[PDB]
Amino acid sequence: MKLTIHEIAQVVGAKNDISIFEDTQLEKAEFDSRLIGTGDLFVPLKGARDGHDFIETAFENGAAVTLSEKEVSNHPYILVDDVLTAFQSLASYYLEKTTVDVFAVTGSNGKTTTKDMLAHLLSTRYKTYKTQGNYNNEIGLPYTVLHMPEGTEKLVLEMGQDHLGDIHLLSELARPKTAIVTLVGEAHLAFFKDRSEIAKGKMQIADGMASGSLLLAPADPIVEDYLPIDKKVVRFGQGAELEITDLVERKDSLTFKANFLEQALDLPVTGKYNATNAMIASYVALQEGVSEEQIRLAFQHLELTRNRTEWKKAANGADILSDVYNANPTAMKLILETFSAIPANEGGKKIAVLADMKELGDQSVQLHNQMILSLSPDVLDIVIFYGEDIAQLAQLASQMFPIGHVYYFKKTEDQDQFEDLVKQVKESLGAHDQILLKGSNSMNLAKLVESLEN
């Protein structure tokens, strides 16, 4: 991260006199104080708590400077109207400074996303960096940019949306050289009206691109009204310019042929969508001087990530939302908010299962308690709590919810009511229910999610 204090202040329109402080070359930028090391930039954001509360901890951990919306006594600080806007301005600047080629991709559906496939193909030739996990939003994307290893030649940025316009912002921020749009399987759509509005939002990905730049978009007509006018658009799907003409899905792998490729590709995954993802990633990689042979060998060893978190089904028909990514309090708040904003299926309830977050140190109990502000008796019919640090939150919810709408199960260094928790979830979960599970990744949460799926 080639950045100094005065340079950031310049870039973000610092409102304080920065010359008071040394112009130190910075190390990395973090919004999670646990990740701060010597020489870092702290970025205090509105999370489950406002990151301003953790500025002192950041400096104890070695931060050299912090962005801030208020004066910070006894520490170097960069005073701005809004930290996140500053963060985003900084990432956009960093892209201008490094002039890295940016590849923007939407839509993350399973265990081998277009973002991961594309980065993997570009890596054959180029120092390539990419969005890690699900860091694809107004916070994750700027973080990704600022974490790009010095010398990177190609940067693959996934861009997600929760509300229409989210992708416009990210595209205008990143100014992609090239973009890919894929459509997924909504199930239920949270803050989006219908499939058209979904497609509208995804096609904003081309908003920040220069005329004549390449955009891959599906053949599906839902995107038609939203096609850019001044980009080079290439469609993919049955009948379109890019097309899969043959496909064998085996045991645990798949072989397929794309019209524009000389030979079949082999992938060590299953599913239609993956062949499509492979195909469109391949096309772009070809445009970047990667050979078909390089692409074929590359796919012989492709990474599977965690299943990019979404909905599953229990074997009784219920809708499971298991959120494995990001075991931190803000991610807990946020998934609570998202899950809560989904309407319940006709005939069904909404159940949340919450377990202890880990590595919150001395602050663990209070940060769990903080989730009370994200729990609403109106939308959540049953909240079930599992762990030890989460006990006080369970108590708070039991006071704030109707009689009988909360359950707590103990998990300590000795006692463990996992067995009871499982029974209770099974008894409470109807065929038309929605159930959210969120905690750290434990063997038990994993055993639970599995007793439902089975």
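So that there is no doubt, residue numbering starts at 1 and follows the sequence shown.
Chemist: Going by the B-factors listed in the PDB entry, is the mean over the C-alpha atoms higher for 322 to 330 or for 142 to 150?
Modeler: Mean C-alpha B-factor is greater for 322 to 330.
Chemist: Give the stretch, out of 35 to 43 and 420 to 428, with the larger mean C-alpha temperature factor in the deposited entry.
Modeler: Between 35 to 43 and 420 to 428, it is 420 to 428.
Chemist: Highest Cα B-factor in the deposition, which of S398, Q415, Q392, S68?
Modeler: Max CA B-factor in the entry, restricted to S398, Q415, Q392, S68: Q415.
Chemist: I'd like to know which of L336, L227, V234, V248 has the highest C-alpha temperature factor in the PDB entry.
Modeler: By C-alpha B-factor in the record, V248 ranks first.
Chemist: In terms of the chain's CA B-factor thirds, is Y93 lowest, middle or highest?
Modeler: Lowest third of the chain for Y93's C-alpha B-factor.
Chemist: Considering only modelled residues of the same chain, in which third does the CA B-factor of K130 rank: lowest, middle or highest?
Modeler: Lowest third - that is where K130 ends up once the chain's C-alpha B-factors are sorted.
Chemist: Quick check for you: using the entry's CA B-factors within this chain, is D101 in the lowest, middle or highest third?
Modeler: Bottom third by C-alpha B-factor.
Chemist: Among the modelled residues of this chain, does the Cα B factor of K358 put it in the lowest, middle or highest third?
Modeler: It belongs to the middle third of the chain when residues are ordered by C-alpha B-factor.
Chemist: Splitting the chain's C-alpha B-factors into thirds, which one does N109 fall into?
Modeler: Tercile = highest for this residue's CA B-factor.
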